[PDB]
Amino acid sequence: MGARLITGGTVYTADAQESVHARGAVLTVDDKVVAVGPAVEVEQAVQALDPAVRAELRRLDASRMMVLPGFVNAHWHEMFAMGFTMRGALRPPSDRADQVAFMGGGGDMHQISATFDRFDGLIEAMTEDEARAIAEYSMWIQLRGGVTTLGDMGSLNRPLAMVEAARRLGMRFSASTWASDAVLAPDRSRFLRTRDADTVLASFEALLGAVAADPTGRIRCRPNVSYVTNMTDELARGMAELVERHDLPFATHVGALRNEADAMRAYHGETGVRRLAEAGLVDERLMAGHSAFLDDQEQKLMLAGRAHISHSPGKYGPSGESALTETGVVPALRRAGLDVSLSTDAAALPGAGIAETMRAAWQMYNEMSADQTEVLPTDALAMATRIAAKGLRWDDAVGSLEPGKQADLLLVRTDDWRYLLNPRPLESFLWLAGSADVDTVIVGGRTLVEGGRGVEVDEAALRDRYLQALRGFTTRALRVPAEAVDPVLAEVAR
C-alpha cells in the first residue's frame, strides 16, 4: 500500500488529550499511522523515512477537509432482511395511525422476548447467497457513513455471511452469533427454557474457530446474549466460562426498558445486572447496551466492575425507548467515571448513523444538565471512536490517530457555508452534517470510499443483489405476497 501524507486539514485524533490540530497532517506507511500533529512536525517525520519509502510517498491535499479517526460502531444489529415488513417498506405513507408498540410505552416484554426467540428459525430459513447480499449491503451502509470497525451484538443474518461481507468490503468486524435460550411466556409465571445452553455456546465456539483462521487482523468476535430476558442461569455461566477461557469481550442488552425489572423479577426472580453479576459477567469485559433502568446497587456493581455502557440516544425516540431522560442514569454514570460510548443499535432500513448519534449526545446530554461542556463535540467523537474501541477491546489497534495504531480515518469536506469561519469544523459537522457528508473512508491505509462513492465495490450492484435477496427472503420465508413486494421493487429509482 506504501506511504501517504494527508496534510492541511483540521485533524481530530481522539487521543488521551482529545488533541485537535488546525493545519494538521497524518503520515501513514502501509496499514499504520507513523506521525500525526502540526504539518511542520509531521513533515520532519517524512524527512526521517527510509528514502525508498519517501520516493513513492503519495500526498493528499486535505486543506479543504476535516480528518477524523474511523467510527467504531460497537453495538449494531444486521436486520435488513426485515426491511419489507410493517416496520419498513409495507407501511402506509401516512404515519397518523401509528401506535405505541414493541419497545414503546415502557416495553411489551412478552412480545420482545417472543420476537427474539424466533431469530434462530428465520436465520435458518435464509440461503447463504441471501445472507451475503443482505449483509454486504447493510455493512456497506455502515462503511459509507464512516464506520471502519463494526460490532455485531446479535443479527438476523448468518455469522459467516457477515464475516465474508466484512472481508470483501475491507472494513473491521467483531462477528457474533444469536443467543436466546429462554422466553417470557404469558401462559406461565416462570421463564420457559427454549434451547440447551450448550448448543447456543457451541454456535459461538464454531464462529470463533472460523474467525481464528483469518490472517487480515480485520475480523474478531465477541459473544452476546440477545437480552437478559432470554438468558437462563446456564447460558449466563456458560458465557462467563467461554469469555474467561478465550480472553474475549462480552455484550448484552440490560436495564434497557422501564418494564424490564418487573418482568425479570416475575420470570427469573432477579433483575438483569444482578443476574449478570451472579454469573461473574459484570466486569471490564461487559458492554451493556442502554443500561439506564438500574437501581442504586446495580449502578454500584457497574462502577466497581468498570463495565462499559453503549448508548444510542439517536434511536430512542423513534422506538419509544426512554433510556436517556426517564432515569438520567447513563449520563450520571459517565459523570461518575464509567466508560460510555455511542452506537446506532438495530435498523431494518437505514436509520441514524454514528455521525447522527454524536449530534444527539451533544444536544441531549448538555440540555439535561444545562451544561454545554458535559459532552463537548470532541467527547461525542471520543465516544464514537476511542471509548467505543475500548468497550469492544479493539483500542490496541483502532479508535484514535496515534503512532502505531491502524491508519483508519475519514475525510469530510469543510469548504461549504456550514463550515465557513468555524475553527471547530467538528462542531459545524454536529450542527449541520451527518453520515452522507463522509467523503473519504480509509481502513489500514486503503481508500474504500472517495467523494462519497465506493472505490473497489459497485454500490449499484450491492443494492441490486440486496433487493433480489430481500425479494426472495420476504416472499418465501416471511410469506409476504408478491403483490405487496414486486410493485415497491418496480418503483426503486435505478
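Residue positions are given as counts along the sequence shown, with the first one as 1. Whichever C-alpha set is largest while still superposing within 1.5 Å between the two forms counts as the rigid core.
Participant: Going by root mean square C-alpha distance after a core fit, say whether 340 to 348 or 261 to 269 is farther from the shown form in 4 other deposited structures of this protein.
Facilitator: Looking at 340 to 348 versus 261 to 269 in 4 other deposited structures of this protein, the farther one turns out to be 340 to 348.
Participant: Which of the two stretches, 378 to 386 versus 207 to 215, has its Cα atoms farther on average from this form in 4 other deposited structures of this protein when everything is superposed by the rigid core?
Facilitator: Stretch with the larger root mean square C-alpha distance in 4 other deposited structures of this protein: 207 to 215.
Participant: Between 403 to 411 and 323 to 331, point out the one with the higher average CA B-factor as the PDB entry records it.
Facilitator: Per the PDB entry, the higher value belongs to 403 to 411.
Participant: Quick check: 419 to 427 versus 385 to 393, which has the larger average CA B-factor in the record?
Facilitator: Higher of the two, by average CA B-factor, is 385 to 393.
Participant: Which is it among 432, 467, 67, 40: the one with the largest CA B-factor in the entry?
Facilitator: Comparing C-alpha B-factors across 432, 467, 67, 40, the maximum falls on 40.
Participant: Comparing recorded Cα B-factors across 278, 345, 152, 260, which one is largest?
Facilitator: Max CA B-factor in the entry, restricted to 278, 345, 152, 260: 278.
Participant: Lowest, middle or highest third: where is residue 302 by C-alpha B factor in its chain?
Facilitator: CA B-factor rank for residue 302: middle third.
Participant: Is the Cα B-factor recorded for residue 341 in the lowest, middle or highest third of its chain?
Facilitator: Tercile = lowest for this residue's CA B-factor.
Participant: Can you tell me whether residue 212 has a C-alpha B-factor in the lowest, middle or highest third compared with the other modelled residues of the same chain?
Facilitator: Within its chain, residue 212 is a highest-third residue by C-alpha B-factor, going by the deposited values.
Participant: Among the modelled residues of this chain, does the Cα B factor of residue 438 put it in the lowest, middle or highest third?
Facilitator: For residue 438, whose C-alpha B-factor we compare with every modelled residue in the chain, the answer is the lowest third.
Participant: Sorting the chain's modelled residues by C-alpha B-factor, tell me whether residue 380 ends up in the lowest, middle or highest third.
Facilitator: Within its chain, residue 380 is a lowest-third residue by C-alpha B-factor, going by the deposited values.
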